[PDB]
Structure formats: C-alpha cells, structure tokens
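Listed below are the residues making up each chain.
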Amino acid sequence: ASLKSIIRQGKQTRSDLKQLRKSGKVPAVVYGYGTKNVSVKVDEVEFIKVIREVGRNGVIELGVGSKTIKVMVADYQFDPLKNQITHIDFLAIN
Amino acid sequence: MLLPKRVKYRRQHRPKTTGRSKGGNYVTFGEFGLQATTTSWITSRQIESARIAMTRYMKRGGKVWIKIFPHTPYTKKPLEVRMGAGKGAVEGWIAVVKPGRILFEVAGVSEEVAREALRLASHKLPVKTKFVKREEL
Amino acid sequence: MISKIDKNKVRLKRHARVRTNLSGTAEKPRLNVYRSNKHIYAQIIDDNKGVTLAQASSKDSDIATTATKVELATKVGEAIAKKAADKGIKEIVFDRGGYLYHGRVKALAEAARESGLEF
Amino acid sequence: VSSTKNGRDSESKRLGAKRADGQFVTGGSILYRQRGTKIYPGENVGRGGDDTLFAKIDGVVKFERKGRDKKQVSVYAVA
Amino acid sequence: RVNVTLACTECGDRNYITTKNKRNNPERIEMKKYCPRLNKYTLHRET
Amino acid sequence: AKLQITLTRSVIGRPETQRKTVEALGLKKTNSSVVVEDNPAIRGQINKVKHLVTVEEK
RNA sequence: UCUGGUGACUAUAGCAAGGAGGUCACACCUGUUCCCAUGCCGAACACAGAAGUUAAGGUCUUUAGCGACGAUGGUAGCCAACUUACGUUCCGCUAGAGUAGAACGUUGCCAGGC
RNA sequence: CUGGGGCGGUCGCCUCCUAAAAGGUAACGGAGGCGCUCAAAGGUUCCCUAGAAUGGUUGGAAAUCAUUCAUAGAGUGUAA
RNA sequence: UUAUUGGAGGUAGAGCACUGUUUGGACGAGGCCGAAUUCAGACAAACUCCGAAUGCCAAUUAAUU
C-alpha cells in the first residue's frame, strides 16, 4: 500500500505525453477531500504490482510530492490494443 | 443467413472504413473471444461459415455469442453491362469491423479448447484476429 | 377519485396569454385588476419600466362599507379614477387579468369610463 | 434494358440570414428568410406572410436568446 | 368549380371576380362589395 | 524592439491566402529583407507563414 | 417588518418525500331568487352568501431519492506544416462528447396594507 | 438528351438526401408529390386540450369511456 | 492580410432522449405454452438530448499593405 508520484509541469504537448507513455510512466490526477486539483505521474509496473493486494477497490498511500494521502481507483482509461493503461484517477478516501 | 426483417432504404452509401472501433471492445458474455486488429467488410456468408466450423469442433459443449450483424446491404450489377443505368439489385448484407472490436465469445468449456475453436473460425475470416480473455484490473 | 383544480392557476395561464400583445408604456399604461373572493384591487402599472403609480382596492379604509357586494367595485373604479385624474388620466389600456369581462369587473371598467378616463 | 425514375428536383430558395449582427440597416430591410418560426421577431421587427423577418426602424441588428431554447432578432433606434 | 363575376347595379363594371362550386352553392351569390365611383359599400349580385 | 523578416522560400505553388499575407508583410521577391516593430498584429501574420520566412531579433 | 399584488433572471428556480402551520389575508364550504351559464350537470362560468373548516390547495421547515447545472485531467476529430504516401506517421494550434469530483431546494424590481 | 447509334425511358413546377455546420453546386445518382380544393378549410371575439391495464358483448386483448399517465405520444384538406 | 470582439449554422466525431434495425436475458396472453416489460450491449446518407476545427457575415479601433 505505497506509491511514489512526481508533480507534472503545466502545459504538456502531445509529443511530451507520447514520450512519457513511451517509457514506464502514465499521467494521473488527484482530487477529493482536503485537497485541490494536482496533476502527477506514476509507474505502470509499480502500480499493477501494488493493485493486486487491495484489488480493484482498496485504500493506497500515494506520495504526492512530499505528502501521503489515502486515495482509491475511481476511473482508468484502458487501451484494448497492446493492453496498456493511459490515465488513472485518484479520489481522496478521507 | 443473417439479414434484417425489413429496411427503409434498400440502397445505402457503403460504410466508411477509418478510425478505431466505436464501442464493444470488451468481452461481457463469455470468458474468451476473438478481437480484430484490421479493418474490412464482413459478409453474412462468412459469419455463418465461421460459426458452423466452431460448433462442429465444439460438439455442442458451450455457448457461442455473435457481436456483429449485417445491417448494411450492398448492390452489384450482373453480366458486366455498360456503366450509367442506375443502381443495381441487392446482392447481400455486410458489416464494417474496426480494430479493437470483439467478433465471437465462447463460455462453458476448457480454456485450451476455446483457443483451438477460435483458431479454426479465424481461417474463414478476412481479418487478422487475436485471442483475448476477460480483463479485470 | 376525480380531483379539483386551482382557480388562480388556470386564471394566471389565461392572463399570461392575454399579456402577449398588450402592455403599459407611460403615455398608455395598463390598468391591471385583481378580483378575489372578498374584495377587488386595481393599480396602473408601466410594463416599459416596471413601477406602479396608482392603487385602489375594496379593502381600503375609505372604501370598506357594507355594500351589495358589487357597489364597492363601482366606488373602487371611481376611487382610482380621481387618483389617476391627478396625473396621467388620458388614453390607457384596460387589462381584464384572466377573468370574464361580464360581472363585477364590467362595473369597475365602466366606473372609470363615466369618470372621464379616455379608454 | 434498365430504366430510371429519379431525375426530378425543385429549385433552391436562398434561405438563411441576410443581415449580420451589429450591422446598420434601414426600415423595410429583410433580416431572415425561413420556412416557419426558426427565429422569433423582437423589438421593431415584424413577420411577413412567408414568415420573413424585416425591420421597421433604422438601427443596428441584435441576435439574442428568447426563453431558454428559442432565438429572436431585434433592432434599436440608437445609432 | 367555375368562375363568378359579381355584377353591379350602379357601377355597371365587373371590377370584382371570384370563384365558387356550382355543385355546392347552385344559387346566385349576393355579397356587399365597394364600388370606388359610388364610394359606398353597395350590394353586388352575380350575373 | 525591431524585427528582420526575410523570404527564404518561393511563393510558387502556394495557396492564394498565404500569397496575399506575404505581400501584406512588404516582402517582394526571394531573399527580400524588411524591418518592422514587434507587436501582436505583426506576430500573427508571421505565424501564418512561419514556414516561408526567417525572423531574427534586431 | 409581514404576507399579498405585478414584473426581471437559463429549472441552481422542477418533481418527489418527511414535516409544521396560518386563518391578517387566501382557500374551502352554503345556495340558485338575482345578471349569466352548460352542446345537460350551477362540474366549470356567474351572482348571492360565507355557517363551519385547515382536511385539501396552501406558506414556512427538512432531505439531494429523482430531474436540471456540471471544474480539472486526459483524447476522438481537426487547421497548418514535414515525411513517406493517407486503413497513415510525426511536430505545432484549437481542443469536444461520455464520464469522475462537485454545486443546487433561486436570486431581483415596484405598490400597498401591514 | 444518350458512357457510339438504335430500342426503351424521360422533357414544366414543389420537398428531402447526396452537399463537405453561410449561400450555391453535377450524373440515365437515391426517395416522394403537383396540373387543386374551401362560402367556411376565410375574418374577428370568446372558451376549451394518444398508448398501457381491472364489474368479462368467450370476449379482436382499441362501443362513443371513468380519470392515472397524458407531455403532447396527437392533430393539421394534400408529399416532405 | 493580421489582431480584438460579436453573431448566424447542425458537418467530423460522439450518443441512444425520438424514428427504424439488432443480440442475449427477461413476456404470458389456453381445457398447456405462443402476441413481453425491464437489465445489459450494438447500428444509421434521408435517427439526434448533444457538438468541434475550419470557412462565412459584420463591427471597431490598432498595425502593416
């Protein structure tokens, strides 16, 4: 129940995302109770390996920058071709 | 032998073949299914030909689902006459399939048995397919 | 079990349909009349701006008097007539809200007609 | 010997808006040509026999909303 | 459906032509039109 | 500040719209120079034909 | 000040529930002599009453169960380029619809008695 | 007129799709109409507002209805 | 020709709220089984609760021409 994210910079061009999705990163967003709209990015293998313990629904400890919040999987855009995630949604469980 | 009971117009405009599948890209009835990876026109003759070749090797030991139905009829001028005389008569019914669209769906059978049955029905289809299972993550 | 229907509801609807091609405008203001099950109220309103400049009711202290339940209307019409006579007593559009023109309204309508209100 | 029976068609009636929004027009100028009440008439704007919107006062055109899902065109005397 | 010519009594001019159904109204039509020369709503009669 | 625009590519085989914009900038034939002041009005014109001219501060 | 009367704003203003009234005023109710009425019934409309009644409409409370309003973040398409041609590819531009989170039980104008 | 000519079929007007969110736009491209009717189907004033399923014509499972939904689902002299 | 702002309109997409088409569940309607309302999921040149990019009309001051 742990994950380290990285605050993404503002205004990302298509090429940027493509290059970011070409490696082992997947753009995500965080929003909910006692928090504002913050855009971050996590690892694909690190997310799938930490989503088999709690399963579909389960409280996780995301390291948004220099803080830890309890969030869950609200939505996730999946690509049928080449079975790869493209976007993840985190909602504050608090 | 699959065709609509009745249609408003017997002459269409030939469905466009571009982009990706609009919907129906996940198996929701069976456990395994055949997913297309190329774009082409699927006629009713081929659809029923692949279904007969699948049930024949399954020996009535499971349920089969068809997620495609010929909705657009196409015409064809016979005996190659001179061009310019109006549209011809209906020849058959087709169905456009884009990459990421599930074709068939099997259930209530061995996982290795469904992998061989789907492979036999893929030889009667004019599109590259791929064996997939119910996803849940 | 047949249910009853509101009388003010239907009336309002009809009134709105009659207010689609009729409205006050300084020179020609509209004389809206509200008839209840006890007294009757009337006031000259200017739709162009949206402010009243006249007021007359049957529940007024200088109008309240055990009448024949129809004479009050006549007085009401004559009451606002003099009030309207002070300033702006020329061409005016008479509004019958949503009720019929025959009845107490008629008496109130002709009350200003004999008062001098050119309408 | 195939035959045909679909070579008939009527003429096209130049419909649509005839005046832009914020443009100065003179009384009697047509503002819209339609088949029905696509756009209702606003202030200083009358409707013709063929549902044609025309101006009655010289001013600028103004396309606004009337209600919640209905449009309307009006004209103001202010130059 | 045939043509109808409303004749005048003073005018003497056919400045009013209308239509009607003989099978429907076989009787003569009598309406009150307006003859400019007389300048008065006179009673016209179909010939 | 100031800007120095230069026509490096020809206008032969280019859409009419682009041809009119190039003539509005002041450029005549190929390898033509023109000095103007930097502003949002000029920027837009240079952004329409950025693959036909070369801009450099000055 | 209060409830009313008449307006302006896109239902954030709707419907549903669960409540409390109130009798200033509304309503409800009582009739058919009176003007006036049903394609007939005084149901409605109209006039006269107005004894009783809040039961209903109803005004004020509570609830987001509907309905409507919907941040962001992504991408579908597309403009202009470049490449090989285009069931494209890549680089810039504008960035949807679906959906998440959420907001919503309306704000205003004028006249009177109060 | 014409994917050579002949044979056949068409030749004027009205509505939609093709038509690429202004307007306009072709083919022997795809669908339908008109060659009128109406003395009230006109003018003005005033007032009104389908389908489901239970006292069963052994039942057409829709008599001319009670009042729920109507929420307009209708209706408009005529094709869209 | 740009910049700035205002407006008219239903295409590409997407969607099933209407019209038609369709698949699995589900429909009863007769002394024995057959005309169905919902649940989920699809399709549309002559379907639309929605809806871009471009282009188009105009207005204003600026800036080049």
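To keep things clear, this report deals only with the structure shown in the data block.

## Observations regarding the state of the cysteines
All names here are of chain E.
1) Next: One pass over the structure, following the stated rule, counts two disulfides over all chains.
2) Next: Here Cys11 is linked by a disulfide to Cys35, with a sulfur-sulfur distance of 2.0 Å. Between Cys11 and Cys35, the S-S dihedral sits near 120 degrees, and the bridge is therefore right-handed. Taken as a pair, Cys11 in the loop between β1 (2–7) and β2 (17–20) and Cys35 in the loop between β3 (30–32) and β4 (43–46) lie far apart in primary sequence, 24 residues in all.

## Re the side chain of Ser32(F)
Residue and element names in this part refer to chain F.
1) Next: When you line up the elements, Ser32 lands in the loop between α1 (16–25) and β2 (33–37).
2) Next: Among the residues examined, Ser32 registers a relative accessible area of 15% and is labelled buried.
3) Next: Only 2.6 Å separates the side chain of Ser32 from the backbone oxygen of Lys29, close enough to count as a polar contact.
4) Next: When neighbours within four sequence positions are excluded, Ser32 is seen to be in contact with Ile5, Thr6, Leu7 and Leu27.

## A word on the protein's contact with RNA strand G
1) Next: Around RNA strand G sit 51 residues in total, of which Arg14(A), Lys18(A), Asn37(A), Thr17(B) and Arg68(D) are the nearest.
2) Next: In the interface set of RNA strand G, defined as its atoms within 4 Å of the protein, sugar plus phosphate atoms amount to 74%.
3) Next: At 3.5 Å from a sugar or linking oxygen of RNA strand G is found a side-chain nitrogen or oxygen belonging to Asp6(C).
4) Next: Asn37(C) places a polar main-chain atom, nitrogen or oxygen, 3.2 Å from a base nitrogen of RNA strand G.
5) Next: Among the elements that take part in the surface near RNA strand G, helix α1 (residues 14–22) of chain A stands out by supplying six residues, more than any other.
6) Next: Of the residues assigned to the surface near RNA strand G, the class counts are 10 nonpolar, 24 polar and 17 charged.

Calculation notes
Residues numbered from 1 in each chain as written, not as in the entry; some residues may be left out. Chains lettered and ligands numbered in written order. Part of a larger assembly, values for the part shown. Heavy atoms only, no water. Residues with missing side-chain atoms left out of burial classes, pairs and counts. Disulfide = S-S within 2.5 Å. Helix = DSSP H or I, 4+ residues; strand = E, 2+ residues; numbered from the N terminus. Buried < 20%, exposed > 50% of the residue type's maximum accessible area, 1.4 Å probe, protein only. Polar contact = N/O pair within 3.5 Å; in protein donor to acceptor, adjacent residues only side chain to side chain. Contact = heavy atoms within 4.5 Å. Near = heavy atom within 4 Å. Nonpolar A, V, L, I, M, F, W, Y, C, P; charged D, E, K, R; others polar.

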